[PDB]
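# Inside the fold
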Amino acid sequence: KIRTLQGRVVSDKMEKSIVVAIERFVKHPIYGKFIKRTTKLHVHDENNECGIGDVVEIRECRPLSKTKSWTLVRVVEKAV
Amino acid sequence: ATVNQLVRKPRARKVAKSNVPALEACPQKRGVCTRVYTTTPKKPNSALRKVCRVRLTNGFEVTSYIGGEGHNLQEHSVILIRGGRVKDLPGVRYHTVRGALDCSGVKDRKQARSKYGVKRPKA
Amino acid sequence: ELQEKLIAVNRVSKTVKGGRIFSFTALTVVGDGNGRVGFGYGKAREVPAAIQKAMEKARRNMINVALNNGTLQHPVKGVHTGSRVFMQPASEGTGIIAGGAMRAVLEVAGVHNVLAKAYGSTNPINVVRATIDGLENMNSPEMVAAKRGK
Amino acid sequence: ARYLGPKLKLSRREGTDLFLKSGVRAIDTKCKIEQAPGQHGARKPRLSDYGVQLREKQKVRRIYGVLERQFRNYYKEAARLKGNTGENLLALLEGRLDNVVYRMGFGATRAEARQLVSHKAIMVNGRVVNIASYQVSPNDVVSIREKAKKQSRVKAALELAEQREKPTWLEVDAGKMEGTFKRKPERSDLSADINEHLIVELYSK
Amino acid sequence: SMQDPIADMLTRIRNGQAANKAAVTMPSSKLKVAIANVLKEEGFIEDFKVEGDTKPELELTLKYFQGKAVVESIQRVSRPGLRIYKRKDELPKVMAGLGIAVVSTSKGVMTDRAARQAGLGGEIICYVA
RNA sequence: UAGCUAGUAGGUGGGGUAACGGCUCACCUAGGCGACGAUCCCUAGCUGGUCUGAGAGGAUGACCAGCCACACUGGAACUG
RNA sequence: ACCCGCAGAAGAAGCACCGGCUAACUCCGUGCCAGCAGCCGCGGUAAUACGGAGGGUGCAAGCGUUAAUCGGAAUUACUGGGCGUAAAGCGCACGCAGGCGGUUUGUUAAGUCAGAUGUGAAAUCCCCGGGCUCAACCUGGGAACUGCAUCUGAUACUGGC
RNA sequence: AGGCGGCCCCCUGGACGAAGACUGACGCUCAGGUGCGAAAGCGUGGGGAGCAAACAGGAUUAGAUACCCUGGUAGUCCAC
RNA sequence: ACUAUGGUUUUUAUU
């Protein structure tokens, strides 16, 4: 069992890389209402098949590349 | 505030800052003194008042109050200055110390002998 | 037991021909020592006569409060025109606390375990009328055990 | 810290006797009481109503010889016991070593008992104690050192304590110079001049 | 159109008794019906009824007695913007025992009594007195 | 402090490193950042703790149990 | 460190307040002049307010004074302020995104709640066995750390589809 | 919304009802944005009956700087 | 079609 985060693709313009916006819905550090604060992350993808507007699941390693440690483990749903 | 407010702009504190800033958070400092002046009685309060121009150790030049009967203060005396307001004068925030240096004591004093410079100067 | 208190003796300006003339107002609380509260106010040109005209009214009307196990049950609010008073059950003797426009109203009713806040208003003659509202807003459980089903 | 000023003048301000510095020089005859306090202190009252609750508080302090910060400490240390906190304040001031050494008759006055304590003459449970503010419990043994067991001032105070009416919550023997508590002080044998209604609510403005 | 259906339910109940009305009506939901169930089952309302299939609508019959007002304070505490939760050790007291509390738990809408007898905590639905 | 990057942004074969990463060379690519504030720049060590209120919060990180980073002022790393 | 003894009253006190608020007071000087300092306000002849007295009142190897700062301060206010005249409704509009979103089946189980397993050293707040006379302080037993992580369940209400 | 009034002909946004028919959450507020002018003033030309800042002509008054009183430019008006 | 210029300070609160 692995602990994995989900998000939406925001760029795919790289033959081995994507950019993802994580579905991070959290309570504010000093206020009580839950808010969207979606992390924009650089993620490894060696199938190069998913594109902008897709829904994805990610796992953490290991540092993989420059300032990157997360990789694609499931394409959850296609655009639109 | 609503459940959506203060989220983008959190509440930011208003700072008041020092009333006696020329002393730089110290209680008392030396001042050389250059000029002595007198001022007008304030409407119903029938007495004339005395003040001086004093440069401090840190280079600030401020208006110092002179309380008590009698004064020997002049140009380059080198005397001790304190924080002390006078609510009968416009903007008077600084006061003089009698118990130190060139300064003569207050005349006719015999009570409250720890203040007012009642102890004789050295010669 | 039986408490009997003077809350405030105050001056009035009373501007007249020749400038001003001497005049005073007084506020007192008496009730029946337990379970009933009663208050009075009076005005005179001397303090002992203003206190008389307050005390001569302090039994004229009484307000009954329902208690169980010697005191009141829950935190409670009460209001008057231009005044609000809120009360919270706290420590007996060590939780009193509050001035006569609040505490003395409960002392003459047999309550010594409750603290109070006005959150604004301070004029004793208008604050006391908002404390006297909360005693009729507080609900004691014994005589209301048939007001809903089951 | 301490108080060292005159002790009779405290009665002039209270208008009654505090029973400070007891001796036949200040009993039944020539005592005067009040008359003319200070130089102008008897012209016109005034006093107002805060002076009454201050002077009651100061009467407790001056009887037991205790200072403002220690009297604030006894007001914290005292318990309400479903009644009044000031009642247990008077019980802690009865159970402090210099008042206990006074009740047991080793010194004829509360200050004579304090002088014996600070000058290293007094023992608790077989060891020397010089703290007059020490709190005593049931079965704590109060006794005296041999070079003070000889002292005529202590013998005369114990010889006066058998010619005055006795505190019955404690046991003492002058032949050995040793005593203990056997019960707490009982308010149905002990009496006071202090109004308990003005010491119930303190340090709350 | 409707931004808080339960603020309308609570306003329709609280003010309906102050309008001295026999019954009040609204679009029906399995949340409104579960709130009406515990209000009937703890004796604060007299009946609740639903009619319709494609437009289901709720009618609440208000409870009356010899005195004045059967519902005296009906406070939601927890709202869809800012929710308020309670835990087993601290399940709430209402008006020092004059009232009771309602919670959604992990099972359904119930009293703080029925929650503490299963060991459950959760979101506040209402405090009723 | 509204437009800003271009070893900046992602790869391929080697170098270096205890290992990791443009830390780095040669070649391929045209990407990257921004209302959840990129550009740009003044102050400031960090915790266990310490003060304060009943709490939220605000003030304080010197007391000694561990860490930081400096060593005339700057640079290099060597030895281990 | 500490103890056991011994002459000899011997070697050991000042400082601030006392008009009203505020418990401790009115005589002599000054004469709206000079001096004052928490605030209201004091003083032109009888000044309890200035300066001094004699007498009180209060602290005491300390007395009075002071800087920054927490509380009270709901005084940058989720907790917990305010918006017709007080400080403030965007001069008036259309609007996406964001926020909120009628009613229902099925699903995911993040948010929430219930339960395991790990952990927050020592000193210090709290209770307590010891040490020293009180106690600072120093030890020995109890004890607190809502969390985060590896795991287990519930489907009410939202989020997700 | 500051604004819109003697009376025609031709185009036009929005409010409101009676009975029927489709969409099937379509509502509702709006950061930033892009929009709507009353008067005064302006840019570019046209126009000028009455009135009228500025200004001149005479009194009033200590002065007259204003009231009084005749003229009169900017403006009042138009397409923009 | 009417006038510039005469400053400034004050009291009852006790039983």
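For the structure itself, look to the data block above.
Residues numbered from 1 in each chain as written, not as in the entry; some residues may be left out. Chains lettered and ligands numbered in written order. Part of a larger assembly, values for the part shown. Heavy atoms only, no water.

## Here we look at the overall build of chain C
Scanning chain C for helices and strands turns up three helices and ten strands. Ordered by position in the sequence, the α and β elements of chain C form the string β-β-β-β-β-β-α-β-β-β-α-β-α. Dimensions of chain C, computed from C-alpha atoms along their principal axes, come out at roughly 70 × 30 × 30 Å. Counting across all 150 residues of chain C, residues that qualify as buried make up 38%. Counted over contacts in chain C with a minimum sequence separation of 6, partners at least 24 positions apart contribute 59%. Between the mean site of the 20 positive side-chain charges and the mean site of the 10 negative ones, chain C shows a separation of 13 Å. (Helix = DSSP H or I, 4+ residues; strand = E, 2+ residues; numbered from the N terminus. Buried < 20%, exposed > 50% of the residue type's maximum accessible area, 1.4 Å probe, protein only. Contact = heavy atoms within 4.5 Å. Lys, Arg positive; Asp, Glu negative; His and termini not counted. Charge placed at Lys NZ, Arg CZ, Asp CG, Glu CD.)

## Things to note about helix α1 (residues 47–55) of chain C
All names here are of chain C. Of all the positions in α1, only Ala-50, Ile-51 and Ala-54 are classed as buried. The arc that holds every buried residue of α1, seen down its axis, measures 100 degrees, which confines them to one face. Summarising the contacts, the buried residues of α1 are in contact with β1 (5–11), β4 (24–29) and β6 (39–44). (Arc of directions from axis to C-beta.)

## Here's the deal with the arrangement of the chains
Across the five pairs of chains in contact, the largest number of contacts is found between chains C and E. The two units chain A and chain C never meet; even their closest C-alpha atoms stay 25 Å apart. No interface is formed between chain D and chain E, the nearest pair of C-alpha atoms being 23 Å apart.

## Describing the pairing of strand β4 (residues 61–65) of chain B
Residues and elements named next belong to chain B. Both strand β3 (residues 49–55) and β4 contribute to a ladder of five bridges, which runs antiparallel. The residue bridging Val-51 from the neighbouring strand is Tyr-65, located in β4. Connecting β3 to the next strand, β4, in antiparallel fashion are five residues, including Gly-59 with a positive phi near 90 degrees. (Pairing = 2+ DSSP bridges.)

## Observations regarding the sheet that holds strand β3 (residues 57–62) of chain E
Residue and element names in this part refer to chain E. Pairing is antiparallel across the open sheet formed by three strands, whose spatial order is β1-β3-β2. On the outer flanks of this sheet lie β1 (23–27) and β2 (45–51), each paired with one strand and no other. Between one strand and the next, the sheet's axes are offset by a mean angle of 20 degrees, whatever the strand orientation. By the bridge criterion, five bridges tie β1 to β3 in an arrangement that is antiparallel. Pairing of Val-24 across the sheet is with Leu-60, part of β3. Packing of helix α2 (residues 30–41) onto the sheet brings it into contact with β1, β2 and β3, and relative to β2 it is tilted by some 155 degrees. (Axes fitted to C-alpha atoms, helices over the stretch in contact; angles between N-to-C directions.)

## A look at the packing of aromatic side chains
Tallying each qualifying case throughout the model produces three aromatic pairs over all chains. Aromatic side chains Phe-25 of chain A and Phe-34 of chain A sit 5.9 Å apart centroid to centroid with 40 degrees between the ring planes, which places their arrangement in the tilted category. When its relative accessible area of 40% is taken as the criterion, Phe-34 of chain A is described as partly exposed. Ring centres of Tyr-75 of chain D and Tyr-203 of chain D lie 5.9 Å apart, and the angle between their planes is 50 degrees; this geometry places the pair in the tilted category. Here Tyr-75 of chain D is found in helix α3 (residues 68–77), whereas its partner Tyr-203 of chain D is found in the segment after β5 (178–181), with 128 residues between them in sequence. Sitting above the plane of the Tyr-116 of chain B ring, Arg-109 of chain B keeps its charged end 3.7 Å from the centroid. The ring centre of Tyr-3 of chain D lies 4.4 Å from the NZ or CZ of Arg-62 of chain D, which sits over that ring. (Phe/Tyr/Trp six-rings, centres within 6.5 Å; stacked < 30°, edge-to-face > 60°. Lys NZ or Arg CZ within 6 Å of the ring centre and 35° of its normal.)

## Concerning the protein's contact with RNA strand H
Within the structure, RNA strand H sits among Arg-8 of chain B together with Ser-1 and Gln-3 of chain E. The backbone of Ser-1 of chain E places a nitrogen or oxygen atom 2.8 Å from a sugar or linking oxygen of RNA strand H. Taking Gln-3 of chain E, its side chain carries an N or O atom lying 2.9 Å from a base nitrogen of RNA strand H. (Near = heavy atom within 4 Å. Polar contact = N/O pair within 3.5 Å; in protein donor to acceptor, adjacent residues only side chain to side chain.)

## A word on the pairing of strand β6 (residues 55–65) of chain A
For a regular strand, the rule is simple: side chains alternate between the two faces of the sheet. All names here are of chain A. As paired strands, strand β1 (residues 5–14) and β6 are joined by four bridges and run antiparallel to one another. In the sheet register, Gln-6 faces β6, and the bridge partner there is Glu-57. With seven bridges joining them, β6 and strand β7 (residues 68–77) adopt antiparallel strand pairing. Bridging across to β7, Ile-58 finds its partner in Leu-72. Joining the antiparallel neighbours β6 and β7 is a turn of two residues, in which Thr-67 adopts a positive phi near 55 degrees.

## Things to note about the side chain of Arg-98 of chain B
Residue and element names in this part refer to chain B. One can find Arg-98 in the segment after β6 (94–96). In this structure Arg-98 is buried but unpaired, with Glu-69 as the nearest side chain of opposite charge at 9.0 Å. One polar contact links the side chain of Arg-98 to the main-chain carbonyl oxygen of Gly-70, over a distance of 2.8 Å. Of the polar contacts made by the side chain of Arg-98, one reaches the backbone oxygen of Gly-105; its length is 3.3 Å. (Salt bridge = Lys/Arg side-chain N within 4 Å of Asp/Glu carboxyl O.)

## Points about the environment of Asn-125 of chain D
All names here are of chain D. Structurally, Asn-125 can be placed in the loop between β1 (122–124) and β2 (127–128). For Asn-125, a relative accessible area of 46% puts it in the partly exposed group. C-alpha of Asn-125 to C-alpha of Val-66: the two residues are 59 residues apart in sequence and 25 Å apart in space. Contacts of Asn-125, omitting those with residues within four sequence positions, involve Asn-139, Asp-140 and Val-141. At a separation of 3.1 Å, a polar atom in the side chain of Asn-125 contacts the side chain of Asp-140.

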